[PDB]
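Novice: This is the structure I want to talk about, given as structure tokens.
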Ligand SMILES: *[C@@H]1O[C@H](CO)[C@@H](O[C@@H]2O[C@H](CO)[C@@H](O)[C@H](O)[C@H]2NC(C)=O)[C@H](O)[C@H]1NC(C)=O
Ligand SMILES: *[C@@H]1O[C@H](CO)[C@@H](O)[C@H](O)[C@H]1NC(C)=O
Ligand SMILES: *[C@@H]1O[C@H](CO)[C@@H](O)[C@H](O)[C@H]1NC(C)=O
Ligand SMILES: *[C@@H]1O[C@H](CO)[C@@H](O)[C@H](O)[C@H]1NC(C)=O
Ligand SMILES: *[C@@H]1O[C@H](CO)[C@@H](O)[C@H](O)[C@H]1NC(C)=O
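Protein chains in written order, with the working numbering: chain F, 1 to 40; chain G, 1 to 49; chain P, 1 to 127; chain Z, 1 to 48; chain S, 1 to 97; chain U, 1 to 48.
Dropping the structure here:
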């Protein structure tokens, strides 16, 4: 069964992060990615 | 306009427990859990005014 | 005309240099931008640095040695076990704590959150 | 639209990083900026 | 706005680029003093003074934004001129031409 | 950065020395009232 549906907004995924006060995260590895910006 | 000014990042982040932010007191700007709205105290003053 | 002035600003600060402006020239830390022509427009190739594969470590604001606080000249004081290391903020390159990359100012009692460890010197073992 | 693009630039580099641009993100040396909502607008807290 | 504030005060500025690396806050602020040419030791030496100054500045900006005459006229002018445009249109429709 | 301030009088533009200035006014002067509001806004904008 396929039909038109109405849903509330998906504001985003819930990201769980812990501030603490004696913990740091540092990126071990990195990625390079090119993105296209189109301007008339 | 409001989409590109307000949703530059589309990753929602929960409010951390307000404890030991180095003495920096983020009660005014962060939304208090006293009300079910996600509005802060100065945000409420701006919306009322 | 507003979009054309925006594109000439991006042609000037993304292609002809490197922009420290976040999100102006790419989703991430900007590295380059390659212009490409288009019908009544310009398409940009915004190459950016994007880090990943993060790790969580325990840090301290400074190091106490011989009654003096030692501060990172660059990077962050990091730890996993017992050994304390200094590394730059954007990439994990663990370096042993030495006076060449550590800056000293004041004593160790004025600052909160200090941990104590051996700060190595490069000069005494040769001498 | 012009004011909205200005505000999204200030969301883009006054809130999401640190600005070396003088007076653009606050009077003095900018540290951070805390965004705050408003009726049909955005109110900034440019701490410097 | 709450998500932006949580990313700002918990991750620092790495949430814009990459995947929101956490950072103790006194250390993000020292790292943001490092961007204005002052060394981080000044902050770590005067953390209580900086925290008290920031708390007082937030209190002062709340008292200023709670006096009624707030510099909120630029936001009020948009709604006022839109309502003026609409009511001018219906008073125009009142005319006989 | 600035442009010369300008303003228009409704009577001296469209009325002039017309005897039925009232007949021109009650039917068509609200347009010029809007136009004077726009011109006053432009002058204030150039000062700011
Ligand atoms: C944290 O990472 C360092 C990076 O090498 C590890 O250092 C080792 O420490 C042990 C002592 O416990 C030495 O015997 C080794 O020679 C060191 N190097 C290596 C490559 O093993 C350290 O073990 C790590 N700590 C934890 C808890 O994982
Ligand atoms: C880092 O780069 C890519 C991950 O995108 C992977 O192929 C490579 O092996 C990684 N290197 C290390 C040391 O993790
Ligand atoms: C933050 O500020 C509020 C209001 O001034 C205060 O009640 C609260 O105790 C402060 N936070 C801490 C951890 O003291
Ligand atoms: C972090 O908070 C804990 C309390 O949970 C405290 O014991 C510790 O001293 C704090 N460390 C710093 C660096 O503020
Ligand atoms: C290291 O710093 C701590 C601060 O908690 C202090 O108690 C300790 O005495 C210091 N180390 C030495 C060897 O004095």
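A virtual CB, placed ideally from N, CA and C, is assigned to each residue, including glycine.
Nearest by alpha-carbon distance to residue 10/U: which of 3/U, 2/U, 39/U, 1/U is it?
Specialist: Nearest C-alpha to residue 10/U: 39/U.
Novice: For residue 55/P, which beta-bridge partners are listed by DSSP?
Specialist: In the DSSP output, where bridge partners are listed per residue, residue 55/P has 26/F.
Novice: Whole angstroms are fine: how far does the CA of residue 45/P sit from the CA of residue 34/F?
Specialist: Looking at the two C-alpha atoms, the distance is approximately 6 Å.
Novice: Within the continuous beta strand (DSSP E) that includes residue 102/P, where are the two ends?
Specialist: Note, residue 102/P: beta strand (DSSP E), 102-107.
Novice: Cβ of residue 75/P versus every heavy atom of ligand 1: is any distance shorter than 7 Å?
Specialist: No, ligand 1 has no heavy atom inside 7 Å of this Cβ.
Novice: Is the beta carbon of residue 104/P sitting closer than 8 Å to the one on residue 71/P?
Specialist: Yes.
Novice: Kindly provide the chain-ordered list of residues whose Cβ lies closer than 6 Å to any non-hydrogen atom of ligand 1.
Specialist: Residues flagged by the Cβ proximity filter: 80/P, 81/P, 83/P, 94/P.
Novice: Return yes when the Cβ of residue 17/S is within less than 8 Å of the Cβ of residue 7/S, no when it is not.
Specialist: No, the Cβ-Cβ distance between residue 7/S and residue 17/S is not below 8 Å.
Novice: Under a Cβ-count criterion, where at least 16 other Cβ atoms within 10 Å of its own Cβ denotes burial, should residue 41/S be classed as buried or exposed?
Specialist: Classification for residue 41/S: buried.
Novice: With distances taken between CB atoms, is the gap from residue 87/P to residue 76/P smaller than 8 Å?
Specialist: Yes, the pair counts as a contact, with Cβ atoms nearer than the cut-off.
Novice: Could you spell out where the beta strand (DSSP E) holding residue 29/S opens and where it closes?
Specialist: First-last for residue 29/S: 25-33, but that is the alpha helix (DSSP H), not the beta strand (DSSP E).
Novice: For ligand 5, which residues have a Cβ under 5 Å from at least one heavy atom, in chain order?
Specialist: Counting every residue whose Cβ lies closer than 5 Å to a heavy atom of ligand 5, we get 64/P, 116/P.
Novice: Does the beta carbon of residue 46/S fall short of 7 Å from some heavy atom of ligand 3?
Specialist: No, Cβ of residue 46/S sits at least 7 Å from all heavy atoms of ligand 3.
Novice: Determine whether the Cβ of residue 39/S lies closer than 8 Å to any Cβ atom of chain U.
Specialist: No, because no Cβ of chain U sits closer than 8 Å to the Cβ of residue 39/S.
Novice: If you check the beta carbons only, do residue 99/P and residue 125/P fall under 8 Å apart?
Specialist: Cβ distance not < 8 Å, so residue 99/P and residue 125/P don't count as in contact.
Novice: Quick check: what's the CA-CA separation for residue 63/S versus residue 18/U?
Specialist: Approximately 58 Å, taken between the alpha carbons.
Novice: Answer yes or no: does any C-beta atom of chain S fall closer than 8 Å to that of residue 15/Z?
Specialist: Yes, residue 15/Z counts as interfacial toward chain S.
Novice: Short check: CB of residue 73/P to CB of residue 26/F, under 8 Å?
Specialist: Their beta carbons are not under 8 Å apart, which means residue 73/P does not touch residue 26/F by this criterion.
Novice: In chain order, what residues of the region 14-46 of chain P put their CB closer than 8 Å to some CB of chain S?
Specialist: So the close ones are 22, 23, 27, 28, 29.
Novice: Ordered along the chain, which non-local residues of its own chain (more than five positions away) have a Cβ less than 8 Å from that of residue 14/S?
Specialist: Excluding sequence neighbours, residue 14/S sits near 20, 21, 23.
Novice: Should the region 36-56 of chain S be called in touch with the region 6-23 of chain P, which here means at least 3 C-beta pairs below 8 Å?
Specialist: No, because fewer than three Cβ pairs between the region 36-56 of chain S and the region 6-23 of chain P fall closer than 8 Å, the two stretches do not touch.
Novice: What does the alpha-carbon distance come out to for the pair residue 84/S and residue 75/S?
Specialist: One C-alpha to the other measures close to 15 Å.
Novice: Chain U beta carbons: is any one of them nearer than 8 Å to that of residue 92/S?
Specialist: Yes, contact with chain U.
Novice: Are the Cβ atoms of residue 65/P and residue 119/P separated by less than 8 Å?
Specialist: Yes.
Novice: Determine whether the Cβ of residue 16/F lies closer than 8 Å to any Cβ atom of chain P.
Specialist: Chain P contact via Cβ: absent.
Novice: Where does the unbroken alpha helix (DSSP H) through residue 4/G begin, and where does it stop?
Specialist: Here the alpha helix (DSSP H) through residue 4/G covers 2-6.
Novice: Let me know the secondary structure DSSP gives residue 11/U once reduced to three states.
Specialist: Helix.
Novice: Could you tell me the alpha carbon to alpha carbon distance between residue 26/U and residue 8/U, rounded to whole angstroms?
Specialist: About 18 Å.
Novice: Should residue 48/G be counted as a contact of ligand 3 given a C-beta to heavy atom distance under 7 Å?
Specialist: Checking the Cβ of residue 48/G against ligand 3 gives no.
Novice: In this structure, how does DSSP classify residue 110/P when only helix, strand and coil are distinguished?
Specialist: Coil.
Novice: Considering only the alpha carbon of each residue, which of 14/G, 28/G, 9/G, 15/G lies closest to residue 46/G?
Specialist: That would be 28/G, whose Cα lies nearest to the Cα of residue 46/G.
Novice: Am I right that residue 60/P and residue 69/P are in contact with their C-beta atoms under 8 Å? What's the rounded C-beta distance?
Specialist: Rounded, the Cβ-Cβ distance is 11 Å, inconsistent with contact.
Novice: Is there a Cβ of chain F sitting closer than 8 Å to that of residue 30/S, yes or no?
Specialist: Chain F contact via Cβ: absent.
Novice: On the three-state DSSP scale, how would you describe residue 41/G?
Specialist: It is helical.
Novice: Taking the alpha-carbon positions, what's the residue 54/P to residue 29/P distance?
Specialist: When rounded, the distance between both Cα atoms is 16 Å.
Novice: Determine, using beta carbons only, whether residue 14/G and residue 16/F come nearer to each other than 8 Å.
Specialist: Contact: yes.
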